[PDB]
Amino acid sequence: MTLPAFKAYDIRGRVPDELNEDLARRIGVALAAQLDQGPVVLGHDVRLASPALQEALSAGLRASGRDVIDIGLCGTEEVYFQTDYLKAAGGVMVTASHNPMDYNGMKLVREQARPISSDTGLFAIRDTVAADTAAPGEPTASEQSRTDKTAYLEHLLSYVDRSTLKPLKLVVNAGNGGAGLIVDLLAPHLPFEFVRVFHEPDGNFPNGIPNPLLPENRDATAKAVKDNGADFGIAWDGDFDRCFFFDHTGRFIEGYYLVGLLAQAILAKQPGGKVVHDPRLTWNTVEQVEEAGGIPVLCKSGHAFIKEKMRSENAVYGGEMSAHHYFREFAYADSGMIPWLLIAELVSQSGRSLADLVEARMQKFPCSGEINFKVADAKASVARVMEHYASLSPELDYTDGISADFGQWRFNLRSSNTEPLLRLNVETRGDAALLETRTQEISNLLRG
């Protein structure tokens, strides 16, 4: 067969049968052969086994004559930032995201933190690793420890006018991942009053593997917001490239609405800019981008397509409904830190609560949320949906699965690139009843 750990966008698998130190070293050797010349940035998340996988990557890279820049325990976005900032040949973040305790993984980038994906080098690496029976060579290059986060912290703070910030009370919930380190380094430079929840990094995860989308994890942030009268709450995944917002009522804000909100925030600083968005949920983003004087650019979902489209368009910002936010000035990469700084600035400057900033948009373009379906036959299931609606003559778009626009409602139906599932998103023009009846109708067809 083929090594299962090599996925479309990254490497992820159970340790040690799908990923281990020998494979990690071989990945380092193979990666050295794929990159242009220069050093390689390495960082890792809070999982207990991550440092040893990084050390194995480093051994293989250095056996292949690559200098290694070890940035230590960090967020994924720090690997992206430092790879670009230091003009490195590439970078690897060792991260397990929210996979089980016996799992780990890696995200790989080349120059300017450009993604390395299945069809842009990752399967080439896999094939090299798979055939590699060579004896491990000894190091012919050095490793440097780079602990300095100054340039990264200065870059994050450059997105806001600090003199306009108000002393908002913010709940912050690292979920025992790595986000609290950066919050604490930012805090001396900000006026906010932080309420720290699950703040200490702990790869044993006494409060569960970080995943703010799980209701029991979500509720911990909501409770802290309500009990402390916080202006809003922020939670992160473990490697903090995803962030999640809770308004002052404790309500979790569906990620779709953050795309339009962040776009308006960014367009106030970069007028007339292009904003890239995914095709799952669109109407609100298109309107909000245009209303702020920007130009919306539809793009297939997935960070590699988004980043490539942003580059070719000089787009200032790109956002996916699933809590991924990309910034041109940040090497076109995603950050879980930039978004909450921008939102804190917008609440501070506008005098409006986060709730008020989104309320009317949520009423105007209500959405189903992404609903996933494991079915026996995805192709036959999609066909059942399309045949059912053919007599309504929707406008069809195939940018990413099938998007069907009926006028007052639309849907997107996609096969995932990360799981063998069908994913449904429905939205309507201000009509909650139509949203529910159409969502349920499609659901019944998919399950038939």
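In this text, residue numbers run from 1 along the sequence as written. Think of the rigid core as the biggest set of C-alphas that the two forms share within 1.5 Å after superposition.
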Which of the two stretches, 92-100 or 155-163, moves more in 9 other deposited structures of this protein when the core is held fixed, judged by C-alpha RMS distance? 92-100
Stretch farther from shown form by Cα RMS in 9 other deposited structures of this protein, picked from 402-410 and 415-423 after core fit, is 415-423
Quick check: 160-168 versus 75-83, which has the larger average CA B-factor in the record? 160-168
Tell me which stretch has the larger mean Cα B-factor in this entry, 65-73 or 393-401. 393-401
Say you rank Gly203, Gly233, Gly318, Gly178 by Cα B-factor from the PDB entry; which sits at the top? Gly203
For the C-alpha B-factor as written in the entry, point me to the maximum among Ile182, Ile295, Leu267, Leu108. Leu267
What third of the chain does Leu190 rank in for C-alpha temperature factor, lowest, middle or highest? middle
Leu53 by Cα B-factor - lowest, middle or highest third of the modelled chain: middle
Ranking the modelled residues of this chain by C-alpha B-factor as given in the entry, is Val426 in the lowest, middle or highest third? lowest
For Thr147, return the chain-relative third of its C-alpha B-factor as stated in the PDB record: lowest, middle or highest. highest
Please rank the C-alpha B-factors of the chain's modelled residues and tell me whether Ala24 sits in the lowest, middle or highest third. middle
